[PDB]
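One structure is given here, and the rest of the page talks about it.
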Number of protein chains: 2
Amino acid sequence: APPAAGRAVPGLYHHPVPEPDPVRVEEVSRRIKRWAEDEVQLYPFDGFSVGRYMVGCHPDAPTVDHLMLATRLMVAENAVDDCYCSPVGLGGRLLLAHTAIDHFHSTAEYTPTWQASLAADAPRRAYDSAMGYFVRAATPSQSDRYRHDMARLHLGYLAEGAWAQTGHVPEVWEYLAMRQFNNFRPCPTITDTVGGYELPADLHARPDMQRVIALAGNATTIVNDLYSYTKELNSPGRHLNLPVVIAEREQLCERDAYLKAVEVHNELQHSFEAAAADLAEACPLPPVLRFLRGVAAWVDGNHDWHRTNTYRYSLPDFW
Amino acid sequence: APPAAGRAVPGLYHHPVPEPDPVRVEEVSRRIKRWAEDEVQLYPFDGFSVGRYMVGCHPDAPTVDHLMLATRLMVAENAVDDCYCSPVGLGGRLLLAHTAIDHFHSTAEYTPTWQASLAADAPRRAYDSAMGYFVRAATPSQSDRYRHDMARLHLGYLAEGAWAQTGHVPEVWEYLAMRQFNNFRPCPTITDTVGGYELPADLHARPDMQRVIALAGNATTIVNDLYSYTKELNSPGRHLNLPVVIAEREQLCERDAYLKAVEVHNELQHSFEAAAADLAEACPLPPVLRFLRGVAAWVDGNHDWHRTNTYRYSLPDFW
């Protein structure tokens, strides 16, 4: 008797969210399907699930056009992760796909050959188009910030792929450091661009704000480890997640390693909340306050989407 | 009869520079030796060569303390590149070393284990200490900017390491895209921090300024391919550089592939100069003008250090 479909992980600290606006969900679903099919030929598609995800994560988006900025980038990240993630060879594939986000600058001879490569597969078409919309809408600081969060993500994938090539199981803290980079982070950190305002770059760069962002990404990324745990038991080979690493390294039974992972998640989510409360008091400028709230909304919305997806993918029977 | 020791690559576009201030060289040499030996135990050391390098590249540094910011980071990058760069496994080593530059944020349990890892080897001690000095001196925007340039560098190393694991020879444009990231870039882009002023983040993020920075890094990085070419013929196995890739892909004789590489360098260095002249006219704010000049100085100084090092490492006999 594993928990009831639609129920949250027992013991996981989280915040309920409202039903996502069904009119916006349907509209995002139609436009993303058409972008996928007609603009970037993403396949030779679940628009509805990505719609719910993005509307739930960005309740402050002024329009569906703002929602679409985040939606195309999220679908494009999924095209890379499913189409590129043998990990041998990964570092070359990802660097070329990264040039769709952070452009190559070269001679009159070599530039057009790179430009042609941007049409060459689903992942680079997805990125090049999705980034194109984002760069027209956001400020240059917002675009640079996203490119850095994507470089972090790609470094994260490549640590994970390197350990996979040797079946290495890292220490728990090492897994968690990899998962700080291989992480949802580039999705909530665009909450200002999606919300139609700007967190100024000098405030984004403060060390306290960097710690807030990191804790939130780390917590909401361990949510994915906990909800997708059962599905990864069947995975082609051994895929790492926080419960599996704790069990292997701290030699614990699965159930206890899982329950400890829930407790790790909770402490990260509580520290994210305390850090954001402290910075809201230290620096109560409106864009700071809005950005903190929009990261918390993205985090709560990401939890709800995982939860509402337990209708597809069960929780383990540990309670 | 290969060119005379101390002479530049024939046909390479470059700018002469003054002798580096010998008093500053000697002082940087003593302080870096002592940092290497007493603060970070970098080995169980050529202070003079790194001194000349940094003084020649940063003629505007107000003090030796400012020079030292760049010097410790450069020596720390060299400790990673020589101590970590089998490429299997690289993506895990580099991500953990990256956490010395972009800190891990985690639970009260796992944080101190990571903190201990920062003492564990020369490369992470070098980074953690060097970044520590830089973060105290620079603005938070300057520190974030350096972390992004280091994430680029690490992505670049990992593309190169992935192609090395299969002996892949990329197309020329693909090599040049990898070398845009695996690149000197994080050294000239700290020229403002070293110069004791700040290029504001919103101006750094402009697309035209990003193209200027990229072209300069690309040109001055191909300078390293051209000067170190002969030494890489003897390398343990086949190391890629622009002449070797052009020869292999464009099936050319070595000499002609080399001469074409010189011409690629020239066009990149000319376009960097035109792009910087255009932005100096479009946006003649003093920190912009100073930053453009300081990137050009770093580029000229990097060329001179390579040239003055032909006393150690010969040019090929192609002229």
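A note on labels: chains of the structure tokens are A, B, ... as shown, every chain counts residues from 1, and ligands are counted from 1 in their shown order.
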
Residue 3 in chain A surroundings by only C-alpha atoms, 9 Å radius, close-in-sequence under 3 positions cut, as a ChimeraX atom specification: /A:6-10,314-319

Residue hits in chain B, query chain A, radius 8 Å, only C-alpha atoms, as an mmCIF file with N, CA, C and O atoms, in the first residue's frame:
data_model
loop_
_atom_site.group_PDB
_atom_site.id
_atom_site.type_symbol
_atom_site.label_atom_id
_atom_site.label_comp_id
_atom_site.auth_asym_id
_atom_site.auth_seq_id
_atom_site.Cartn_x
_atom_site.Cartn_y
_atom_site.Cartn_z
ATOM 1 N N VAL B 88 39.036 10.322 -18.597
ATOM 2 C CA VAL B 88 37.779 9.783 -18.053
ATOM 3 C C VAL B 88 37.696 10.375 -16.644
ATOM 4 O O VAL B 88 38.733 10.531 -15.917
ATOM 5 N N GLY B 89 36.522 10.743 -16.205
ATOM 6 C CA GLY B 89 36.581 11.129 -14.786
ATOM 7 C C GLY B 89 36.742 12.661 -14.645
ATOM 8 O O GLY B 89 36.371 13.273 -13.570
ATOM 9 N N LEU B 90 37.222 13.249 -15.745
ATOM 10 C CA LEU B 90 37.509 14.737 -15.677
ATOM 11 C C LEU B 90 36.319 15.539 -15.214
ATOM 12 O O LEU B 90 36.517 16.481 -14.424
ATOM 13 N N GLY B 91 35.112 15.221 -15.690
ATOM 14 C CA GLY B 91 33.933 16.122 -15.416
ATOM 15 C C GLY B 91 33.668 16.124 -13.902
ATOM 16 O O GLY B 91 33.351 17.186 -13.290
ATOM 17 N N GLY B 92 33.956 14.974 -13.201
ATOM 18 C CA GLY B 92 33.770 14.992 -11.750
ATOM 19 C C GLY B 92 34.817 15.794 -10.987
ATOM 20 O O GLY B 92 34.527 16.587 -10.055
ATOM 21 N N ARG B 93 36.072 15.642 -11.389
ATOM 22 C CA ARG B 93 37.196 16.407 -10.782
ATOM 23 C C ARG B 93 37.009 17.873 -10.982
ATOM 24 O O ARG B 93 37.201 18.645 -10.016
ATOM 25 N N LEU B 94 36.566 18.277 -12.165
ATOM 26 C CA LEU B 94 36.529 19.702 -12.416
ATOM 27 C C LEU B 94 35.324 20.294 -11.684
ATOM 28 O O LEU B 94 35.422 21.414 -11.226
ATOM 29 N N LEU B 95 34.199 19.588 -11.603
ATOM 30 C CA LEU B 95 33.048 20.187 -10.965
ATOM 31 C C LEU B 95 33.479 20.384 -9.473
ATOM 32 O O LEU B 95 33.186 21.414 -8.880
ATOM 33 N N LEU B 96 34.130 19.408 -8.837
ATOM 34 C CA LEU B 96 34.469 19.623 -7.418
ATOM 35 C C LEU B 96 35.436 20.753 -7.260
ATOM 36 O O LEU B 96 35.420 21.538 -6.267
ATOM 37 N N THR B 99 33.687 24.175 -7.279
ATOM 38 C CA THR B 99 33.037 24.557 -6.039
ATOM 39 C C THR B 99 34.000 25.353 -5.145
ATOM 40 O O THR B 99 33.496 26.034 -4.255
ATOM 41 N N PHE B 104 29.571 25.601 -2.636
ATOM 42 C CA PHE B 104 28.539 24.672 -2.387
ATOM 43 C C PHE B 104 27.721 25.255 -1.232
ATOM 44 O O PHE B 104 28.308 25.805 -0.256
ATOM 45 N N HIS B 105 26.382 25.101 -1.302
ATOM 46 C CA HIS B 105 25.456 25.527 -0.210
ATOM 47 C C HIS B 105 24.666 24.319 0.157
ATOM 48 O O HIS B 105 23.961 23.721 -0.680
ATOM 49 N N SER B 106 24.734 23.852 1.445
ATOM 50 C CA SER B 106 24.079 22.582 1.709
ATOM 51 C C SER B 106 23.631 22.550 3.263
ATOM 52 O O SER B 106 23.615 23.575 3.902
ATOM 53 N N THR B 107 23.431 21.326 3.765
ATOM 54 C CA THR B 107 22.927 21.168 5.135
ATOM 55 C C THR B 107 24.091 21.277 6.149
ATOM 56 O O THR B 107 25.294 21.346 5.769
ATOM 57 N N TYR B 110 26.448 18.280 5.627
ATOM 58 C CA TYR B 110 27.330 18.008 4.450
ATOM 59 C C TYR B 110 28.305 19.129 4.134
ATOM 60 O O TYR B 110 29.320 18.910 3.491
ATOM 61 N N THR B 111 27.957 20.340 4.521
ATOM 62 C CA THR B 111 28.819 21.518 4.284
ATOM 63 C C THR B 111 30.247 21.316 4.797
ATOM 64 O O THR B 111 31.188 21.575 4.097
ATOM 65 N N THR B 113 31.985 18.597 5.465
ATOM 66 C CA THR B 113 32.743 17.653 4.585
ATOM 67 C C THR B 113 33.276 18.251 3.230
ATOM 68 O O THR B 113 34.446 18.017 2.810
ATOM 69 N N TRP B 114 32.421 19.033 2.524
ATOM 70 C CA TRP B 114 32.888 19.816 1.403
ATOM 71 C C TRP B 114 33.959 20.759 1.816
ATOM 72 O O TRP B 114 35.012 20.931 1.120
ATOM 73 N N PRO B 140 30.984 42.301 -6.083
ATOM 74 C CA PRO B 140 30.213 41.026 -6.292
ATOM 75 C C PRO B 140 29.970 40.793 -7.807
ATOM 76 O O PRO B 140 30.006 39.615 -8.181
ATOM 77 N N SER B 141 29.672 41.838 -8.597
ATOM 78 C CA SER B 141 29.548 41.671 -10.048
ATOM 79 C C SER B 141 30.791 41.184 -10.713
ATOM 80 O O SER B 141 30.757 40.236 -11.530
ATOM 81 N N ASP B 144 31.121 37.450 -9.750
ATOM 82 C CA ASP B 144 30.186 36.584 -10.531
ATOM 83 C C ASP B 144 30.665 36.453 -11.961
ATOM 84 O O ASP B 144 30.553 35.374 -12.576
ATOM 85 N N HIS B 148 31.564 32.945 -14.041
ATOM 86 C CA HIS B 148 31.001 32.523 -15.347
ATOM 87 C C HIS B 148 32.132 32.248 -16.307
ATOM 88 O O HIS B 148 32.065 31.246 -17.039
ATOM 89 N N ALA B 151 33.368 28.832 -15.468
ATOM 90 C CA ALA B 151 32.478 27.775 -15.925
ATOM 91 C C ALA B 151 32.711 27.566 -17.420
ATOM 92 O O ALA B 151 32.705 26.385 -17.891
ATOM 93 N N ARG B 152 32.808 28.664 -18.189
ATOM 94 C CA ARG B 152 33.149 28.507 -19.667
ATOM 95 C C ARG B 152 34.437 27.720 -19.827
ATOM 96 O O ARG B 152 34.587 26.850 -20.716
ATOM 97 N N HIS B 154 35.893 25.565 -17.961
ATOM 98 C CA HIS B 154 35.811 24.149 -17.553
ATOM 99 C C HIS B 154 34.987 23.402 -18.596
ATOM 100 O O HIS B 154 35.337 22.281 -18.937
ATOM 101 N N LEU B 155 33.992 24.071 -19.169
ATOM 102 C CA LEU B 155 33.192 23.392 -20.257
ATOM 103 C C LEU B 155 34.106 23.171 -21.403
ATOM 104 O O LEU B 155 34.037 22.130 -22.116
ATOM 105 N N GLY B 156 34.949 24.132 -21.727
ATOM 106 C CA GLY B 156 35.940 23.978 -22.793
ATOM 107 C C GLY B 156 36.931 22.818 -22.583
ATOM 108 O O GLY B 156 37.199 21.990 -23.514
ATOM 109 N N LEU B 158 36.365 20.255 -20.862
ATOM 110 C CA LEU B 158 35.672 18.965 -20.912
ATOM 111 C C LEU B 158 35.299 18.597 -22.365
ATOM 112 O O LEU B 158 35.211 17.396 -22.642
ATOM 113 N N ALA B 159 35.023 19.555 -23.254
ATOM 114 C CA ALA B 159 34.886 19.173 -24.726
ATOM 115 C C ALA B 159 36.166 18.611 -25.235
ATOM 116 O O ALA B 159 36.151 17.606 -25.934
ATOM 117 N N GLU B 160 37.262 19.302 -24.984
ATOM 118 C CA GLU B 160 38.536 18.780 -25.409
ATOM 119 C C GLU B 160 38.851 17.403 -24.829
ATOM 120 O O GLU B 160 39.333 16.483 -25.579
ATOM 121 N N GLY B 161 38.539 17.146 -23.571
ATOM 122 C CA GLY B 161 38.871 15.874 -22.930
ATOM 123 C C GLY B 161 37.936 14.796 -23.589
ATOM 124 O O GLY B 161 38.407 13.624 -23.831
ATOM 125 N N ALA B 162 36.674 15.141 -23.911
ATOM 126 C CA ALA B 162 35.726 14.122 -24.449
ATOM 127 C C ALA B 162 36.274 13.685 -25.844
ATOM 128 O O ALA B 162 36.223 12.481 -26.190
ATOM 129 N N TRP B 163 36.767 14.641 -26.609
ATOM 130 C CA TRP B 163 37.286 14.281 -28.005
ATOM 131 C C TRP B 163 38.554 13.510 -27.855
ATOM 132 O O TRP B 163 38.799 12.510 -28.597
ATOM 133 N N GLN B 165 39.177 11.353 -25.580
ATOM 134 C CA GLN B 165 38.910 9.968 -25.098
ATOM 135 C C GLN B 165 38.644 9.073 -26.335
ATOM 136 O O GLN B 165 38.804 7.845 -26.290
ATOM 137 N N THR B 166 38.156 9.655 -27.407
ATOM 138 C CA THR B 166 37.995 8.844 -28.658
ATOM 139 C C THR B 166 38.908 9.215 -29.794
ATOM 140 O O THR B 166 38.721 8.756 -30.911
ATOM 141 N N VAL B 172 37.211 22.160 -38.276
ATOM 142 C CA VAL B 172 37.897 23.338 -37.829
ATOM 143 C C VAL B 172 37.003 24.285 -37.031
ATOM 144 O O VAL B 172 37.488 24.850 -35.992
ATOM 145 N N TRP B 173 35.790 24.556 -37.488
ATOM 146 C CA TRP B 173 34.980 25.508 -36.769
ATOM 147 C C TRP B 173 34.662 24.961 -35.336
ATOM 148 O O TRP B 173 34.529 25.776 -34.351
ATOM 149 N N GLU B 174 34.526 23.648 -35.236
ATOM 150 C CA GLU B 174 34.229 22.939 -33.971
ATOM 151 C C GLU B 174 35.412 23.066 -33.029
ATOM 152 O O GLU B 174 35.204 23.281 -31.822
ATOM 153 N N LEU B 176 37.534 25.554 -33.140
ATOM 154 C CA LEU B 176 37.624 26.941 -32.802
ATOM 155 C C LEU B 176 36.483 27.198 -31.769
ATOM 156 O O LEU B 176 36.651 28.044 -30.902
ATOM 157 N N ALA B 177 35.294 26.571 -31.885
ATOM 158 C CA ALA B 177 34.198 26.846 -30.879
ATOM 159 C C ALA B 177 34.717 26.320 -29.511
ATOM 160 O O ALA B 177 34.607 27.015 -28.536
ATOM 161 N N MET B 178 35.289 25.120 -29.444
ATOM 162 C CA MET B 178 35.826 24.596 -28.179
ATOM 163 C C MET B 178 36.874 25.607 -27.631
ATOM 164 O O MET B 178 36.945 25.925 -26.423
ATOM 165 N N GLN B 180 37.087 28.704 -28.112
ATOM 166 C CA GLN B 180 36.491 29.989 -27.604
ATOM 167 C C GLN B 180 36.239 29.869 -26.088
ATOM 168 O O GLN B 180 36.130 30.870 -25.393
ATOM 169 N N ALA B 201 28.234 46.118 -14.586
ATOM 170 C CA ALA B 201 27.766 44.766 -15.084
ATOM 171 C C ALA B 201 26.884 44.972 -16.265
ATOM 172 O O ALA B 201 26.931 44.178 -17.223
ATOM 173 N N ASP B 202 26.034 46.032 -16.282
ATOM 174 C CA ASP B 202 25.109 46.152 -17.415
ATOM 175 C C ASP B 202 25.839 46.517 -18.702
ATOM 176 O O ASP B 202 25.379 46.255 -19.819
ATOM 177 N N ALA B 205 27.571 43.214 -19.925
ATOM 178 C CA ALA B 205 26.618 42.296 -20.548
ATOM 179 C C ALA B 205 26.156 42.719 -21.943
ATOM 180 O O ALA B 205 25.500 41.933 -22.612
ATOM 181 N N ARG B 206 26.499 43.932 -22.447
ATOM 182 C CA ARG B 206 25.978 44.283 -23.782
ATOM 183 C C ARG B 206 26.445 43.278 -24.817
ATOM 184 O O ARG B 206 27.621 42.894 -24.783
ATOM 185 N N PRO B 207 25.613 42.939 -25.829
ATOM 186 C CA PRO B 207 26.114 42.023 -26.853
ATOM 187 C C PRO B 207 27.356 42.491 -27.569
ATOM 188 O O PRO B 207 28.260 41.707 -27.895
ATOM 189 N N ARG B 211 30.883 40.339 -27.729
ATOM 190 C CA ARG B 211 31.654 39.992 -28.962
ATOM 191 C C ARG B 211 33.075 40.490 -28.921
ATOM 192 O O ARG B 211 33.998 39.800 -29.292
ATOM 193 N N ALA B 214 34.972 38.087 -26.591
ATOM 194 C CA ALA B 214 35.154 36.768 -27.228
ATOM 195 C C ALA B 214 36.278 36.786 -28.319
ATOM 196 O O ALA B 214 37.104 35.880 -28.388
ATOM 197 N N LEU B 215 36.307 37.839 -29.185
ATOM 198 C CA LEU B 215 37.283 37.907 -30.239
ATOM 199 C C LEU B 215 38.639 38.069 -29.698
ATOM 200 O O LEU B 215 39.563 37.454 -30.130
ATOM 201 N N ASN B 218 39.697 34.849 -28.313
ATOM 202 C CA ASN B 218 39.943 33.811 -29.347
ATOM 203 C C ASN B 218 41.245 34.059 -30.014
ATOM 204 O O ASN B 218 41.991 33.121 -30.290
ATOM 205 N N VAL B 264 44.234 32.997 -39.747
ATOM 206 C CA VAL B 264 43.027 33.006 -38.896
ATOM 207 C C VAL B 264 43.237 33.932 -37.644
ATOM 208 O O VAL B 264 42.415 34.748 -37.326
ATOM 209 N N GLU B 267 42.982 37.666 -38.655
ATOM 210 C CA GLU B 267 41.647 38.169 -38.888
ATOM 211 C C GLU B 267 40.921 38.304 -37.530
ATOM 212 O O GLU B 267 40.139 39.227 -37.303
ATOM 213 N N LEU B 268 41.183 37.349 -36.599
ATOM 214 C CA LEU B 268 40.439 37.453 -35.308
ATOM 215 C C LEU B 268 40.988 38.742 -34.574
ATOM 216 O O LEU B 268 40.243 39.525 -34.015
#

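CA of residue 64 in chain B sits 28.3 Å away from CA of residue 280 in chain B.
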
B:11, B:284, B:18, B:243 ranked by distance to residue 225 in chain B, top pick (using only C-alpha atoms): B:243

Rounded to one decimal place, report the CA of residue 47 in chain B-CA of residue 30 in chain B distance in Å.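 Pair CA of residue 47 in chain B / CA of residue 30 in chain B returns 6.7 Å.
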
Skip residue 83 in chain A itself and residues of its chain fewer than 3 positions away, then list as a PyMOL selection string all residues within 9 Å of it, counting only C-alpha atoms. chain A and resi 78-80+122-123

Could you write out that same residue set with C-alpha atoms as a PDB file, in the first residue's frame?
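Output contents, as saved in result20.pdb:
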ATOM      1  CA  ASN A  78      14.535  18.579 -22.220  1.00  0.00           C
ATOM      2  CA  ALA A  79      15.439  17.958 -25.792  1.00  0.00           C
ATOM      3  CA  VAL A  80      19.164  18.130 -24.911  1.00  0.00           C
ATOM      4  CA  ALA A 122      16.424  19.128 -32.442  1.00  0.00           C
ATOM      5  CA  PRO A 123      18.358  20.249 -29.411  1.00  0.00           C
TER       6      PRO A 123
END

Given only C-alpha atoms as the counted atoms, nearest of A:75, A:245, A:289, A:299 to residue 257 in chain A: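 Closest candidate: A:245.
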
Atom pair CA of residue 37 in chain A + CA of residue 66 in chain A, distance 20.0 Å

Identify, with DSSP run on backbone atoms, the residues in range 157-247 of chain B assigned to helix (DSSP H, G or I), and express the list as an MDAnalysis selection string. chainID B and resid 157:165 172:181 188:195 201:204 207:234 242:247

If we count only C-alpha atoms and set the cut-off at 10 Å, which residues sit around residue 288 in chain A, ignoring sequence neighbours fewer than 3 positions away in its own chain? Please answer as a ChimeraX atom specification. /A:192,198-200,203-204,209,276,279-280,283-285,291-294

Same residues, N, CA, C and O atoms, saved as a PDB file, in the first residue's frame:
ATOM      1  N   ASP A 192      12.039  36.790 -12.775  1.00  0.00           N
ATOM      2  CA  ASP A 192      11.917  38.252 -13.106  1.00  0.00           C
ATOM      3  C   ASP A 192      11.636  38.525 -14.588  1.00  0.00           C
ATOM      4  O   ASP A 192      10.664  39.294 -14.948  1.00  0.00           O
ATOM      5  N   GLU A 198      12.945  43.529 -13.661  1.00  0.00           N
ATOM      6  CA  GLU A 198      14.340  43.132 -13.667  1.00  0.00           C
ATOM      7  C   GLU A 198      14.871  43.167 -12.250  1.00  0.00           C
ATOM      8  O   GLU A 198      14.712  44.183 -11.517  1.00  0.00           O
ATOM      9  N   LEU A 199      15.420  42.054 -11.762  1.00  0.00           N
ATOM     10  CA  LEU A 199      16.256  42.125 -10.543  1.00  0.00           C
ATOM     11  C   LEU A 199      17.623  42.675 -11.014  1.00  0.00           C
ATOM     12  O   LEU A 199      18.303  42.070 -11.905  1.00  0.00           O
ATOM     13  N   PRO A 200      18.045  43.820 -10.506  1.00  0.00           N
ATOM     14  CA  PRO A 200      19.268  44.421 -11.089  1.00  0.00           C
ATOM     15  C   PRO A 200      20.506  43.511 -10.865  1.00  0.00           C
ATOM     16  O   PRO A 200      20.681  42.881  -9.846  1.00  0.00           O
ATOM     17  N   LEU A 203      22.415  43.456  -7.593  1.00  0.00           N
ATOM     18  CA  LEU A 203      21.768  42.843  -6.473  1.00  0.00           C
ATOM     19  C   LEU A 203      21.738  41.296  -6.630  1.00  0.00           C
ATOM     20  O   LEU A 203      21.872  40.546  -5.639  1.00  0.00           O
ATOM     21  N   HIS A 204      21.516  40.853  -7.872  1.00  0.00           N
ATOM     22  CA  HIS A 204      21.563  39.378  -8.131  1.00  0.00           C
ATOM     23  C   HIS A 204      22.892  38.862  -7.674  1.00  0.00           C
ATOM     24  O   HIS A 204      22.937  37.809  -7.051  1.00  0.00           O
ATOM     25  N   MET A 209      22.190  36.827  -1.874  1.00  0.00           N
ATOM     26  CA  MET A 209      21.253  36.384  -2.893  1.00  0.00           C
ATOM     27  C   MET A 209      21.738  35.054  -3.657  1.00  0.00           C
ATOM     28  O   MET A 209      20.920  34.176  -3.970  1.00  0.00           O
ATOM     29  N   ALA A 276      15.989  33.753   2.455  1.00  0.00           N
ATOM     30  CA  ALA A 276      15.176  34.703   1.695  1.00  0.00           C
ATOM     31  C   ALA A 276      14.464  35.698   2.683  1.00  0.00           C
ATOM     32  O   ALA A 276      14.348  36.837   2.413  1.00  0.00           O
ATOM     33  N   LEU A 279      17.075  38.156   3.646  1.00  0.00           N
ATOM     34  CA  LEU A 279      17.522  39.149   2.651  1.00  0.00           C
ATOM     35  C   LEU A 279      16.341  40.098   2.382  1.00  0.00           C
ATOM     36  O   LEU A 279      16.516  41.245   2.012  1.00  0.00           O
ATOM     37  N   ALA A 280      15.138  39.597   2.468  1.00  0.00           N
ATOM     38  CA  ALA A 280      13.997  40.535   2.252  1.00  0.00           C
ATOM     39  C   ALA A 280      14.041  41.702   3.338  1.00  0.00           C
ATOM     40  O   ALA A 280      13.724  42.827   3.069  1.00  0.00           O
ATOM     41  N   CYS A 283      17.309  43.966   2.504  1.00  0.00           N
ATOM     42  CA  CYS A 283      17.380  44.704   1.312  1.00  0.00           C
ATOM     43  C   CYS A 283      15.975  44.723   0.724  1.00  0.00           C
ATOM     44  O   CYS A 283      15.656  44.063  -0.260  1.00  0.00           O
ATOM     45  N   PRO A 284      15.071  45.523   1.349  1.00  0.00           N
ATOM     46  CA  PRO A 284      13.643  45.381   0.969  1.00  0.00           C
ATOM     47  C   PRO A 284      13.281  46.167  -0.257  1.00  0.00           C
ATOM     48  O   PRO A 284      12.185  46.740  -0.222  1.00  0.00           O
ATOM     49  N   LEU A 285      14.142  46.231  -1.290  1.00  0.00           N
ATOM     50  CA  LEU A 285      13.800  46.875  -2.561  1.00  0.00           C
ATOM     51  C   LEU A 285      12.766  46.094  -3.319  1.00  0.00           C
ATOM     52  O   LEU A 285      12.732  44.880  -3.278  1.00  0.00           O
ATOM     53  N   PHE A 291      11.357  39.167  -6.734  1.00  0.00           N
ATOM     54  CA  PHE A 291      12.237  38.050  -7.222  1.00  0.00           C
ATOM     55  C   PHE A 291      12.225  36.927  -6.135  1.00  0.00           C
ATOM     56  O   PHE A 291      12.007  35.785  -6.459  1.00  0.00           O
ATOM     57  N   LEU A 292      12.401  37.282  -4.848  1.00  0.00           N
ATOM     58  CA  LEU A 292      12.286  36.263  -3.785  1.00  0.00           C
ATOM     59  C   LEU A 292      10.967  35.567  -3.746  1.00  0.00           C
ATOM     60  O   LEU A 292      10.819  34.316  -3.601  1.00  0.00           O
ATOM     61  N   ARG A 293       9.906  36.330  -3.924  1.00  0.00           N
ATOM     62  CA  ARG A 293       8.664  35.652  -4.009  1.00  0.00           C
ATOM     63  C   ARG A 293       8.514  34.844  -5.249  1.00  0.00           C
ATOM     64  O   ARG A 293       7.868  33.767  -5.277  1.00  0.00           O
ATOM     65  N   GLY A 294       9.035  35.326  -6.373  1.00  0.00           N
ATOM     66  CA  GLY A 294       8.870  34.512  -7.562  1.00  0.00           C
ATOM     67  C   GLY A 294       9.735  33.171  -7.510  1.00  0.00           C
ATOM     68  O   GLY A 294       9.300  32.156  -7.949  1.00  0.00           O
TER      69      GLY A 294
END

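The residue that comes closest to residue 43 in chain A, out of A:121, A:295, A:128, A:274 and on the basis of only C-alpha atoms, is A:121.
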